[PDB]
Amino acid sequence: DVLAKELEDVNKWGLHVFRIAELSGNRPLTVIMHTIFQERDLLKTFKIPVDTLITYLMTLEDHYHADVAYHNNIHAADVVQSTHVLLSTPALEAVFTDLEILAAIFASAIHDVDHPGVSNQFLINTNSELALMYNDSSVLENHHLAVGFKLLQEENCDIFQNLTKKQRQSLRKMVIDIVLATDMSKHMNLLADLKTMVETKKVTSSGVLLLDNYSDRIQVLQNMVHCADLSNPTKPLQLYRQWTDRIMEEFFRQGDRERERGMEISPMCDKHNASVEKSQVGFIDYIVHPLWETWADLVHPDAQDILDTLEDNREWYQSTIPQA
């Protein structure tokens, strides 16, 4: 119906993912993954039974928390679809194998599963069972990976059942490498290396990037999924505003639990004292734009429109903050 019409934009930056969420009965991750797997012919390439795929996807989506305002199945679907668009960037044409493509998309789908709506630092500071299990290191991201893989064991859920042993081992490694790179504490190191990769990048005559080993390849996929994870401010304003509403609700819910515990309230988590405009401008200035201008460098000029939107959105949000 209308849904099929909205899913026509699946290859475009700015897909109305919230509409798809409404229209699909709160199943945007399932419907968007299915569409992209069909679009990329992934079922045939990897002999994935369509019943298996949908079963796994619905279980996966089920394990995103409905009551978590940002880190839910809509965010998962958004990162999946954004990664799907970045994979098709002309600078990367025929660079990645189907398995590498499958790894990047699967990693995006699972990358925040079972997210509790609080940060790693909160989990560490409250002596959580999760932090105890993971020794305070990439606590959430390790857990997302564990849950995402573990769900493959449920009945008729093994979508990788017809991969070779070699393929499965390789996919598992890449997926781990990619989701661990979504840990924000690794952002500055990822960025510093991505900048150096750009400085020395090699291209064919056709202008596609030359990535001739695993380290270079996985580094590009890591930063690709990281960009997609941090892509909200690069989206049309009507979408970006909705993401901003959700993250601040999630942050203030964490702030409320911190205040109740007599804890220092984390930056941007105090509903009484935070400023949304200032918060987003700082986010863009110190995190999102430095990352995206570096990606844009890597794939120039593929991402110029994305970078333009980001810069317009930054200009917009700063316009109501009084300045000298």
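Each residue number is its position in the shown sequence, starting from 1. Take the two forms, superpose them, and find the largest set of C-alpha atoms that agree within 1.5 Å; that set is the rigid core.
When the other structures are laid on the shown form by the rigid core, the stretch among 25-33 and 267-275 with the greater C-alpha deviation in 9 other deposited structures of this protein turns out to be 267-275. Comparing 97-105 with 124-132 in 9 other deposited structures of this protein, after superposition on the rigid core, the stretch with the greater RMS C-alpha deviation is 124-132. Coverage remark for residue 88: present in the model in all other entries compared whose chains are built on both sides, leaving no third without it. Compared with other PDB entries of the same protein, residue 73 is present in all of those that resolve the residues around it, none of them, let alone a third, dropping it. Two stretches are in play, 87-95 and 221-229, and the higher mean C-alpha B-factor belongs to 87-95. Of the two segments, 31-39 and 262-270, the one listed with the higher mean B-factor is 262-270 (C-alpha atoms only).
Taking only the listed residues 119, 204, 182, 196, the entry reports the highest CA temperature factor at 204. The PDB entry assigns the greatest CA B-factor among 135, 244, 162, 72 to 162. In the deposited entry, the Cα temperature factor of residue 168 places it in the highest third of its chain's modelled residues. Ranked against the other modelled residues of its chain, the C-alpha B-factor of residue 130 as given in the entry falls in the middle third.
Residue 158: CA B factor lies in the highest third for its chain, per the PDB record. The deposited CA B-factor of residue 142 belongs to the lowest third of values across its chain.
Among the modelled residues of its chain, residue 22 has a C-alpha B-factor that falls in the highest third, as given in the PDB entry.
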